[PDB]
Amino acid sequence: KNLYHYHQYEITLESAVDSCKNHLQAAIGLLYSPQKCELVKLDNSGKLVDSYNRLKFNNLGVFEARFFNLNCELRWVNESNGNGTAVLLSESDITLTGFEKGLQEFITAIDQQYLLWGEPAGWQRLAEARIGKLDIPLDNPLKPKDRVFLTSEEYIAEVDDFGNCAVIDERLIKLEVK
RNA sequence: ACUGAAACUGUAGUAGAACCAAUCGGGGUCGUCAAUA
């Protein structure tokens with residue numbers, strides 16, 4: 001089994017997402033900025049409703065971003081003045097322009113979960129007295145006893161030539177209600 | 001690529017129970033003192 005990962009360097013976040021848009025369809029995304037950690041959803045075409053002004057770096061702009069859906073995850077992090085490295089992670093071999101392909105073999109993928117902050121207060125709201133509110137891109141409404149989880153897959157592979165396994169990556173998949 | 005926030009080491013608890021400031025004693029009564037000539 002192969003984990004395919006695609007690198008492009010010296011690329012802005014706005015351009016990195018636009019390069020991946022065919023794959024980041026409907027993808028949830030998390031944007032790290034000096035003052036906010038905002039959750040965003042790309043539309044079915046993989047576009048953001050204010051992508052330039054949201055993804056720019058110039059003024060307390062996004063320095064790191066993640067976007068994920070079922071099939072793939074895009075990661076980006078700033079390296080100089082708003083240019084960065086993009087890495088897209090995919091289960092399947094796919095065509096991208098400018099990106100360089102690579103892969104790593106993995107022994108098995110194991111699912112994980114991550115409970116989000118808050119109880120239920122398209123878009124839904126969780127809230128917790130500890131943090132106040134958290135808004136999540138989630139289309140179905142939430143019953144008062146629901147909790148929203150985030151799912152991921154960890155890929156185990158041999159690191160050492162002595163055969164020692166480790167989880168070489170963890171790709172995010174989707175938000176899920178449990 | 002940015003300090004977490006907020007939170008009384010507090011609540012209940014008698015330094016107290018037991019232990020005699022007490023036991024015995026007539027306000028009484030006689031020859032001593034000095035050393036020599």
# chains A, B, ... in the order shown; residues from 1 in each chain; ligands from 1

call {"tool": "interface_residues", "arguments": {"of": "chain B", "to": "chain A", "cutoff": "12 Å", "atoms": "only C-alpha atoms (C1' of nucleotides)", "output": "ChimeraX atom specification"}}
result
/B:1-2,4-6

call {"tool": "closest_residue", "arguments": {"among": "A:178, A:23, A:7, A:145", "to": "residue A:70", "atoms": "only C-alpha atoms"}}
result
A:23

call {"tool": "select_by_dssp", "arguments": {"residues": "stretch 33-111 of chain A", "states": "strand (DSSP E)", "output": "PyMOL selection string"}}
result
chain A and resi 37-41+64-68+72-80+83-90+100-105+108-111

call {"tool": "atom_distance", "arguments": {"atom1": "atom CA of residue A:155", "atom2": "atom CA of residue A:94"}}
result
18.9 Å

call {"tool": "residues_around", "arguments": {"residues": "residue A:128", "least_positions_apart": "6", "cutoff": "9 Å", "atoms": "only C-alpha atoms (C1' of nucleotides)", "output": "PyMOL selection string"}}
result
chain A and resi 117-119+121+134

call {"tool": "closest_residue", "arguments": {"among": "A:107, A:3, A:13, A:95", "to": "residue A:58", "atoms": "only C-alpha atoms"}}
result
A:13

call {"tool": "decode", "arguments": {"residues": "stretch 5-26 of chain B", "atoms": "N, CA and C atoms (P, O5', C5', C4', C3', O3' and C1' of nucleotides)", "output": "PDB file, in the first residue's frame"}}
result
ATOM      1  P     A B   5      -3.851  32.504  32.786  1.00  0.00           P
ATOM      2  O5'   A B   5      -5.388  32.796  32.600  1.00  0.00           O
ATOM      3  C5'   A B   5      -5.861  33.964  31.962  1.00  0.00           C
ATOM      4  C4'   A B   5      -7.341  33.844  31.770  1.00  0.00           C
ATOM      5  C3'   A B   5      -8.062  33.639  33.079  1.00  0.00           C
ATOM      6  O3'   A B   5      -8.341  34.890  33.669  1.00  0.00           O
ATOM      7  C1'   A B   5      -8.763  32.005  31.525  1.00  0.00           C
ATOM      8  P     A B   6      -8.144  35.119  35.231  1.00  0.00           P
ATOM      9  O5'   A B   6      -9.210  34.166  35.879  1.00  0.00           O
ATOM     10  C5'   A B   6     -10.567  34.529  35.961  1.00  0.00           C
ATOM     11  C4'   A B   6     -11.344  33.370  36.496  1.00  0.00           C
ATOM     12  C3'   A B   6     -10.843  32.832  37.811  1.00  0.00           C
ATOM     13  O3'   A B   6     -11.358  33.546  38.905  1.00  0.00           O
ATOM     14  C1'   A B   6     -11.128  31.052  36.304  1.00  0.00           C
ATOM     15  P     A B   7     -10.540  33.596  40.266  1.00  0.00           P
ATOM     16  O5'   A B   7     -10.775  32.160  40.866  1.00  0.00           O
ATOM     17  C5'   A B   7     -12.064  31.748  41.272  1.00  0.00           C
ATOM     18  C4'   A B   7     -12.029  30.333  41.758  1.00  0.00           C
ATOM     19  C3'   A B   7     -11.141  30.133  42.982  1.00  0.00           C
ATOM     20  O3'   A B   7     -11.811  29.430  44.015  1.00  0.00           O
ATOM     21  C1'   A B   7     -10.583  28.575  41.297  1.00  0.00           C
ATOM     22  P     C B   8     -12.475  30.259  45.200  1.00  0.00           P
ATOM     23  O5'   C B   8     -11.220  30.683  46.061  1.00  0.00           O
ATOM     24  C5'   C B   8     -10.455  29.717  46.752  1.00  0.00           C
ATOM     25  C4'   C B   8      -9.331  30.346  47.527  1.00  0.00           C
ATOM     26  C3'   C B   8      -8.666  29.430  48.519  1.00  0.00           C
ATOM     27  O3'   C B   8      -7.348  29.876  48.824  1.00  0.00           O
ATOM     28  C1'   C B   8     -10.096  30.997  49.628  1.00  0.00           C
ATOM     29  P     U B   9      -6.099  29.277  48.025  1.00  0.00           P
ATOM     30  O5'   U B   9      -5.814  27.886  48.717  1.00  0.00           O
ATOM     31  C5'   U B   9      -5.339  27.839  50.048  1.00  0.00           C
ATOM     32  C4'   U B   9      -6.204  26.976  50.913  1.00  0.00           C
ATOM     33  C3'   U B   9      -5.800  26.927  52.383  1.00  0.00           C
ATOM     34  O3'   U B   9      -6.976  26.986  53.163  1.00  0.00           O
ATOM     35  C1'   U B   9      -6.144  24.788  51.593  1.00  0.00           C
ATOM     36  P     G B  10      -6.981  27.777  54.538  1.00  0.00           P
ATOM     37  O5'   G B  10      -8.501  27.753  54.950  1.00  0.00           O
ATOM     38  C5'   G B  10      -9.479  28.371  54.145  1.00  0.00           C
ATOM     39  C4'   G B  10     -10.559  27.402  53.780  1.00  0.00           C
ATOM     40  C3'   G B  10     -11.250  26.714  54.929  1.00  0.00           C
ATOM     41  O3'   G B  10     -12.222  27.524  55.547  1.00  0.00           O
ATOM     42  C1'   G B  10     -10.724  25.125  53.302  1.00  0.00           C
ATOM     43  P     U B  11     -12.678  27.189  57.031  1.00  0.00           P
ATOM     44  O5'   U B  11     -13.590  25.916  56.846  1.00  0.00           O
ATOM     45  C5'   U B  11     -14.887  25.990  56.292  1.00  0.00           C
ATOM     46  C4'   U B  11     -15.523  24.640  56.371  1.00  0.00           C
ATOM     47  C3'   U B  11     -15.562  24.072  57.762  1.00  0.00           C
ATOM     48  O3'   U B  11     -16.601  24.625  58.534  1.00  0.00           O
ATOM     49  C1'   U B  11     -14.855  22.422  56.250  1.00  0.00           C
ATOM     50  P     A B  12     -16.360  24.953  60.072  1.00  0.00           P
ATOM     51  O5'   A B  12     -16.637  23.569  60.779  1.00  0.00           O
ATOM     52  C5'   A B  12     -17.943  23.091  61.020  1.00  0.00           C
ATOM     53  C4'   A B  12     -17.857  21.722  61.618  1.00  0.00           C
ATOM     54  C3'   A B  12     -17.025  21.639  62.873  1.00  0.00           C
ATOM     55  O3'   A B  12     -17.741  22.001  64.031  1.00  0.00           O
ATOM     56  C1'   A B  12     -16.374  19.938  61.398  1.00  0.00           C
ATOM     57  P     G B  13     -17.077  23.006  65.076  1.00  0.00           P
ATOM     58  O5'   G B  13     -16.874  22.136  66.384  1.00  0.00           O
ATOM     59  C5'   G B  13     -17.183  20.751  66.396  1.00  0.00           C
ATOM     60  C4'   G B  13     -16.024  19.930  66.892  1.00  0.00           C
ATOM     61  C3'   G B  13     -15.174  20.603  67.973  1.00  0.00           C
ATOM     62  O3'   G B  13     -15.180  19.868  69.192  1.00  0.00           O
ATOM     63  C1'   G B  13     -13.838  19.546  66.317  1.00  0.00           C
ATOM     64  P     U B  14     -16.050  20.407  70.420  1.00  0.00           P
ATOM     65  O5'   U B  14     -14.961  21.023  71.397  1.00  0.00           O
ATOM     66  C5'   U B  14     -14.161  22.120  70.976  1.00  0.00           C
ATOM     67  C4'   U B  14     -13.782  23.040  72.105  1.00  0.00           C
ATOM     68  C3'   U B  14     -12.632  22.565  72.995  1.00  0.00           C
ATOM     69  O3'   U B  14     -11.697  23.629  73.177  1.00  0.00           O
ATOM     70  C1'   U B  14     -14.490  23.236  74.299  1.00  0.00           C
ATOM     71  P     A B  15     -10.527  23.929  72.117  1.00  0.00           P
ATOM     72  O5'   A B  15      -9.254  23.190  72.711  1.00  0.00           O
ATOM     73  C5'   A B  15      -8.470  23.800  73.727  1.00  0.00           C
ATOM     74  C4'   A B  15      -8.407  22.907  74.932  1.00  0.00           C
ATOM     75  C3'   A B  15      -8.086  23.580  76.270  1.00  0.00           C
ATOM     76  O3'   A B  15      -8.955  23.001  77.225  1.00  0.00           O
ATOM     77  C1'   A B  15      -6.793  21.674  75.994  1.00  0.00           C
ATOM     78  P     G B  16      -9.347  23.727  78.588  1.00  0.00           P
ATOM     79  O5'   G B  16     -10.197  22.596  79.292  1.00  0.00           O
ATOM     80  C5'   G B  16     -11.393  22.132  78.693  1.00  0.00           C
ATOM     81  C4'   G B  16     -11.437  20.632  78.680  1.00  0.00           C
ATOM     82  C3'   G B  16     -11.341  19.964  80.018  1.00  0.00           C
ATOM     83  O3'   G B  16     -12.527  20.083  80.768  1.00  0.00           O
ATOM     84  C1'   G B  16     -10.059  18.791  78.439  1.00  0.00           C
ATOM     85  P     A B  17     -12.530  19.687  82.308  1.00  0.00           P
ATOM     86  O5'   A B  17     -12.504  18.111  82.284  1.00  0.00           O
ATOM     87  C5'   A B  17     -13.681  17.344  82.166  1.00  0.00           C
ATOM     88  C4'   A B  17     -13.352  15.912  82.435  1.00  0.00           C
ATOM     89  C3'   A B  17     -12.908  15.674  83.852  1.00  0.00           C
ATOM     90  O3'   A B  17     -14.011  15.652  84.725  1.00  0.00           O
ATOM     91  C1'   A B  17     -11.400  14.631  82.420  1.00  0.00           C
ATOM     92  P     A B  18     -13.880  16.252  86.191  1.00  0.00           P
ATOM     93  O5'   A B  18     -12.836  15.266  86.832  1.00  0.00           O
ATOM     94  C5'   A B  18     -13.249  13.975  87.206  1.00  0.00           C
ATOM     95  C4'   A B  18     -12.097  13.178  87.718  1.00  0.00           C
ATOM     96  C3'   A B  18     -11.385  13.789  88.886  1.00  0.00           C
ATOM     97  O3'   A B  18     -12.076  13.597  90.093  1.00  0.00           O
ATOM     98  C1'   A B  18      -9.813  13.004  87.337  1.00  0.00           C
ATOM     99  P     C B  19     -12.174  14.797  91.134  1.00  0.00           P
ATOM    100  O5'   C B  19     -10.703  14.852  91.686  1.00  0.00           O
ATOM    101  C5'   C B  19     -10.209  13.770  92.440  1.00  0.00           C
ATOM    102  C4'   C B  19      -8.779  13.973  92.822  1.00  0.00           C
ATOM    103  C3'   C B  19      -8.545  15.192  93.705  1.00  0.00           C
ATOM    104  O3'   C B  19      -7.755  14.867  94.831  1.00  0.00           O
ATOM    105  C1'   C B  19      -7.078  15.222  91.835  1.00  0.00           C
ATOM    106  P     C B  20      -8.477  14.731  96.246  1.00  0.00           P
ATOM    107  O5'   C B  20      -8.355  16.161  96.935  1.00  0.00           O
ATOM    108  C5'   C B  20      -8.856  17.340  96.313  1.00  0.00           C
ATOM    109  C4'   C B  20      -8.961  18.509  97.263  1.00  0.00           C
ATOM    110  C3'   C B  20      -7.649  19.078  97.776  1.00  0.00           C
ATOM    111  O3'   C B  20      -7.760  20.481  98.015  1.00  0.00           O
ATOM    112  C1'   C B  20      -8.920  18.268  99.585  1.00  0.00           C
ATOM    113  P     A B  21      -7.610  21.555  96.832  1.00  0.00           P
ATOM    114  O5'   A B  21      -6.678  22.699  97.427  1.00  0.00           O
ATOM    115  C5'   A B  21      -5.269  22.539  97.491  1.00  0.00           C
ATOM    116  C4'   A B  21      -4.796  22.076  98.839  1.00  0.00           C
ATOM    117  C3'   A B  21      -5.007  23.052  99.995  1.00  0.00           C
ATOM    118  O3'   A B  21      -5.012  22.305 101.198  1.00  0.00           O
ATOM    119  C1'   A B  21      -2.760  22.610  99.793  1.00  0.00           C
ATOM    120  P     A B  22      -5.824  22.767 102.489  1.00  0.00           P
ATOM    121  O5'   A B  22      -5.483  21.612 103.507  1.00  0.00           O
ATOM    122  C5'   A B  22      -6.009  20.322 103.299  1.00  0.00           C
ATOM    123  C4'   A B  22      -4.942  19.272 103.394  1.00  0.00           C
ATOM    124  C3'   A B  22      -4.215  19.199 104.709  1.00  0.00           C
ATOM    125  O3'   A B  22      -4.989  18.551 105.685  1.00  0.00           O
ATOM    126  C1'   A B  22      -2.677  18.993 102.937  1.00  0.00           C
ATOM    127  P     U B  23      -4.590  18.620 107.219  1.00  0.00           P
ATOM    128  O5'   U B  23      -3.436  17.560 107.345  1.00  0.00           O
ATOM    129  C5'   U B  23      -3.711  16.183 107.436  1.00  0.00           C
ATOM    130  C4'   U B  23      -2.439  15.426 107.646  1.00  0.00           C
ATOM    131  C3'   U B  23      -1.765  15.745 108.956  1.00  0.00           C
ATOM    132  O3'   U B  23      -2.300  14.964 109.993  1.00  0.00           O
ATOM    133  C1'   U B  23      -0.191  15.850 107.206  1.00  0.00           C
ATOM    134  P     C B  24      -2.629  15.589 111.413  1.00  0.00           P
ATOM    135  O5'   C B  24      -1.211  15.683 112.074  1.00  0.00           O
ATOM    136  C5'   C B  24      -0.629  14.549 112.664  1.00  0.00           C
ATOM    137  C4'   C B  24       0.719  14.893 113.199  1.00  0.00           C
ATOM    138  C3'   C B  24       0.731  16.031 114.174  1.00  0.00           C
ATOM    139  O3'   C B  24       0.302  15.591 115.440  1.00  0.00           O
ATOM    140  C1'   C B  24       2.475  16.294 112.640  1.00  0.00           C
ATOM    141  P     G B  25      -0.361  16.593 116.477  1.00  0.00           P
ATOM    142  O5'   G B  25       0.831  17.523 116.878  1.00  0.00           O
ATOM    143  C5'   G B  25       1.920  17.009 117.612  1.00  0.00           C
ATOM    144  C4'   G B  25       2.881  18.106 117.925  1.00  0.00           C
ATOM    145  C3'   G B  25       2.236  19.247 118.687  1.00  0.00           C
ATOM    146  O3'   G B  25       3.030  19.606 119.796  1.00  0.00           O
ATOM    147  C1'   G B  25       3.246  20.063 116.697  1.00  0.00           C
ATOM    148  P     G B  26       2.686  18.927 121.191  1.00  0.00           P
ATOM    149  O5'   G B  26       1.488  19.801 121.717  1.00  0.00           O
ATOM    150  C5'   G B  26       1.730  21.121 122.160  1.00  0.00           C
ATOM    151  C4'   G B  26       0.463  21.851 122.486  1.00  0.00           C
ATOM    152  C3'   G B  26       0.672  23.290 122.898  1.00  0.00           C
ATOM    153  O3'   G B  26      -0.499  24.051 122.617  1.00  0.00           O
ATOM    154  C1'   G B  26      -0.162  22.071 124.725  1.00  0.00           C
TER     155        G B  26
END
